[PDB]
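Following: one structure in structure tokens, then a few remarks.
Residue numbers (our numbering): 9 to 65.
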């Protein structure tokens, strides 16, 4: 398990978390939890070179 990172860019908030997962698909399902928990919804992207998801409100 690699780690994957989430960058959340809310209008007024900024969030950065990681998780260990078997692939990007598994980390994405955990990250949807974190983003919904923290009331930040937006457009999702994944950057394979950095194993990073960004969510921008």
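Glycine is no exception: its CB is placed at the ideal position from the N, C-alpha and C atoms.
Between residue 13 and residue 32, the CB-CB gap reaches or exceeds 9 Å. Assignment of residue 59 by DSSP, reduced to helix, strand and coil, places it in the coil class. Around the Cβ of residue 21, a 10 Å sphere holds fewer than 16 other Cβ atoms; the residue is exposed. Exposure of residue 30 is indicated by the presence of fewer than 16 other C-beta atoms within 10 angstroms of its C-beta. CA-CA distance, residue 42 to residue 52, rounds to 13 Å.
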